[PDB]
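One letter stands for each residue in the lines below.
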Amino acid sequence: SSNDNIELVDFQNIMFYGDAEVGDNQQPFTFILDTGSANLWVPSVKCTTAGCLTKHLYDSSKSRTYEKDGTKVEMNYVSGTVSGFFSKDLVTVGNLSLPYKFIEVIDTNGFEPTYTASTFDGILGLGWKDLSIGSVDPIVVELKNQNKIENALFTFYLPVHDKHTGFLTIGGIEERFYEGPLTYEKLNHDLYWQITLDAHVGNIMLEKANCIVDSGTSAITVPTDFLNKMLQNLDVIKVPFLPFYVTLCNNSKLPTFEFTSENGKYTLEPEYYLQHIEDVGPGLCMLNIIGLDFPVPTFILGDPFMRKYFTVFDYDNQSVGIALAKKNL
Ligand SMILES: Cc1cccc(C)c1OCC(=O)N[C@@H](Cc1ccccc1)[C@@H](O)C[C@H](Cc1ccccc1)NC(=O)[C@H](C(C)C)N1CCCNC1=O
Ligand SMILES: C[C@H](CCC(=O)NCCC[N+](C)(C)CCCS(=O)(=O)[O-])[C@H]1CC[C@H]2[C@@H]3[C@H](O)C[C@@H]4C[C@H](O)CC[C@]4(C)[C@H]3C[C@H](O)[C@]12C
Ligand SMILES: C[C@H](CCC(=O)NCCC[N+](C)(C)CCCS(=O)(=O)[O-])[C@H]1CC[C@H]2[C@@H]3[C@H](O)C[C@@H]4C[C@H](O)CC[C@]4(C)[C@H]3C[C@H](O)[C@]12C
């Protein structure tokens, strides 16, 4: 009764992948696991783009349980876009497996140069029902309505460079994951794992500002103007043309993000957002922070933030629970 989960592997510290399998043959696929996208895709063997020639492709021939919606699709991210068509089939996960409506992909063209650069094969969305293209029911919620899960939640324990592995468990909470009390944050929404936190860094603040908690984002994002107020006299330096900064790893001026709610207070310290890049130069870190202006002032608590806090996404309680992870194995 050790619960079900999936092994998810640190990729150099930037981001992580859980491998999973569509088709009764459990056809291989390495994925991104994104809270924020509500749809899962994989690249068909009918794929016509150079992108695809890199990792594993779906042949629906080889599936016994294959059904075809056949309706043409185009999945859009901010990072770019994959397009294909809709299909059905069962998809196993850890010890658990069911029949799902998913987007067979045949076109990476507009997801380069990042996809053909990556190792992951498709993006398992983990988002919300009303946000699915083609009306799709989220996985975790199906495992409940199908009584296959003990609660309709999913729990994210993220890995660390050469330190320990990571585990997305789906139903119940594994205690060995966190120390200090889980704090639940209400969704200020009904399509997105986003809450209302009061983000400060030094003199600078924002208060009552949507914070998205996205598994498929490998940075913090910050309102551009807030990020500028942030960097005033801090001895960091934008890369030319790229919206990324670099700095000495030792830079003592690098702040500590602090987030307040009525309920709980959370904090990010440089070591979690600094990204060593010796590859360039000595004790030279890249910041893992991007400036990004929505219409309403918003942050995105991604890999750095999560790799800090054990984090639980409960559909039924329309909340994200947060507490501090453990050190190692
Ligand atoms: C879900 C959705 C709804 C409406 C509109 C759009 C554009 C929507 O999709 C946007 C979206 O999900 N983007 C992010 C978060 C989001 C939601 C809304 C607006 C903006 C962002 C995130 O969740 C997933 C998305 C896709 C992705 C692509 C390649 C590898 C991994 C992930 N990842 C990224 O874009 C991220 C950064 C740049 C945000 N990213 C880029 C690569 C490398 N790693 C990384 O961290
Ligand atoms: C999402 C934001 C853009 C926000 C914005 O607001 N930018 C204007 C959009 C253009 N228009 C004005 C025409 C929109 C339509 C008009 S409208 O007025 O309707 O909005 C853009 C700006 C810079 C972009 C990143 C960098 O590239 C580097 C990198 C390249 C990879 O490959 C993919 C990942 C990554 C991290 C990129 C992600 C994302 O992509 C970023 C954050
Ligand atoms: C973008 C459109 C609205 C149309 C629009 O954008 N109308 C004008 C605004 C001005 N712009 C921002 C275009 C100026 C760009 C100037 S530029 O300098 O780029 O040229 C709106 C409509 C619904 C919105 C999403 C949902 O809520 C769910 C979710 C909430 C999170 O919290 C943030 C992510 C997400 C996916 C939202 C993103 C975005 O918010 C959407 C697509």
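## Points about helix α2 (residues 224–231)
- Every buried residue of α2 is accounted for by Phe226, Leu227, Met230 and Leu231. Viewed end-on, α2 has its buried residues packed into an arc of 130°, placing them on one side of the element. Away from its buried face, by an angle of more than 90 degrees, α2 presents the exposed residues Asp225 and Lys229.
- Once α2 ends, the next one or two residues include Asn233, with phi positive near 50°.

## Examining the UniProt feature "disulfide bond" in the chain
- For the UniProt disulfide linking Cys47 and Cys52, the S-S separation comes out at 2.0 Å, below the 2.5 Å cut-off, so the bridge is there in this model. You'll find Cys47 and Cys52 in the same group, each marked buried.
- Below 2.5 Å lies the sulfur separation expected of a disulfide, and the 2.1 Å found between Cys249 and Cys285, a pair UniProt records as linked, sits within that range. Of the two residues, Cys249 is situated in the loop between β17 (245–248) and β18 (257–260) and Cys285 in strand β21 (residues 284–287); the sequence distance between them amounts to 36 residues.
- Classification of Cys249 as partly exposed rests on a relative accessible area of 23%.
- Of the residues examined, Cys285 reaches a relative accessible area of 0% and is grouped as buried.

## What about the pattern of salt bridges?
- What the rule picks out here adds up to 6 salt bridges.
- Across the salt bridge formed by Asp235 and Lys253, the nearest N and O atoms sit 2.7 Å from each other. Pair noted here: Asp235 is in the loop between α2 and β16 (237–238) and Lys253 is in the loop between β17 and β18, with a separation of 18 residues, a long-range link.
- As a salt-bridge pair, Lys265 and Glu258 come within 2.8 Å of each other at their nearest N and O atoms.

## Quick word on the state of the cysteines
- Applying the stated criterion across every chain, the model contains 2 disulfides.
- Here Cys47 connects covalently by a disulfide to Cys52, the sulfurs 2.0 Å from one another. Between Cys47 and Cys52, the disulfide has an S-S torsion of 80° and is therefore right-handed.
- Across a sulfur-sulfur distance of 2.1 Å, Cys249 and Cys285 are joined as a disulfide pair. One quick way to see it: the torsion about the S-S bond of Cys249 and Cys285 is about 105°, and its sign makes the bridge right-handed.
- Sequence-ordered numbering of the bonded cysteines in the chain gives a disulfide pattern of 1-2, 3-4.

## As for the site of ligand 3
- Neighbouring ligand 3 are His189, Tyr192, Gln194, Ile212, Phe294 and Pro295.
- The contact in question runs from an oxygen atom of ligand 3 to an N or O atom on the side chain of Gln194, over 2.4 Å.
- Burial of ligand 3 by the protein amounts to 29% of the accessible area it has alone, namely 850 Å².
- Along the lines of polarity and charge, the residues of the shell around ligand 3 split into 4 nonpolar, 2 polar and no charged.

## Section: the pairing of β21
- Strand direction decides the pairing type here: β17 and β21, joined by 3 bridges, are antiparallel. Within β21, the position partnered with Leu248 by the bridge is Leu284.
- Taken together, the 3 bridges between strand β20 (residues 274–276) and β21 define a ladder with antiparallel strand orientation. Bridge pairing links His276 to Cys285 in β21.

## Topic: unusual backbone geometry
- Of note, the amide linkage connecting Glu112 to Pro113 takes the cis form, showing an omega dihedral of 10°.
- Tracing the backbone shows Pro113 in the loop between β7 (96–107) and β8 (122–125).
- Positive phi, normally seen in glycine, also occurs at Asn3, with a value near 70°.
- Relative to the assigned elements, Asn3 resides in the segment before β1 (5–11).
- Assessed through its relative accessible area of 32%, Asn3 is described here as partly exposed.
- For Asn13, which is not a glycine, the phi torsion comes out positive at approximately 110°.
- With respect to the helices and strands, the residue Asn13 is situated in the loop between β1 and β2 (15–22).

## Quick word on the domain arrangement of the chain
- Domain annotation for the chain reports domain 1 (1–175) and domain 2 (176–329).
- Averaged C-alpha coordinates put domain 1 and domain 2 at centres separated by 25 Å.
- Tallying the contact residues gives 36 residues for domain 1 and 30 residues for domain 2.
- Linking domain 1 with domain 2 are 1 salt bridge, by the criterion used here.
- The closest approach of N and O atoms between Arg307 and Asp10, which form a salt bridge, is 3.5 Å.
- At the boundary of domain 1 and domain 2, one finds 19 residue pairs in polar contact.
- Of all elements in the fold, only β1, β2, β3 (27–34), α1 (139–145), β9 (153–157) and β10 (166–169) reach the threshold of two or more residues within the side of domain 1 that touches domain 2.
- With 5 residues, β9 is the single largest residue contributor to the side of domain 1 that touches domain 2.

The rules we used
- Residues numbered from 1 in each chain as written, not as in the entry; some residues may be left out.
- Chains lettered and ligands numbered in written order.
- Heavy atoms only, no water.
- Buried < 20%, exposed > 50% of the residue type's maximum accessible area, 1.4 Å probe, protein only.
- Helix = DSSP H or I, 4+ residues; strand = E, 2+ residues; numbered from the N terminus.
- Arc of directions from axis to C-beta.
- Disulfide = S-S within 2.5 Å.
- UniProt positions renumbered as here; feature names shortened; annotations may be inferred.
- Salt bridge = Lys/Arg side-chain N within 4 Å of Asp/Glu carboxyl O.
- Near = heavy atom within 4 Å.
- Polar contact = N/O pair within 3.5 Å; in protein donor to acceptor, adjacent residues only side chain to side chain.
- Areas by Shrake-Rupley, 256 points an atom, 1.4 Å probe, with all protein chains shown as cover.
- Nonpolar A, V, L, I, M, F, W, Y, C, P; charged D, E, K, R; others polar.
- Pairing = 2+ DSSP bridges.
- Domains from an automatic or database assignment.
- Contact = heavy atoms within 4.5 Å.

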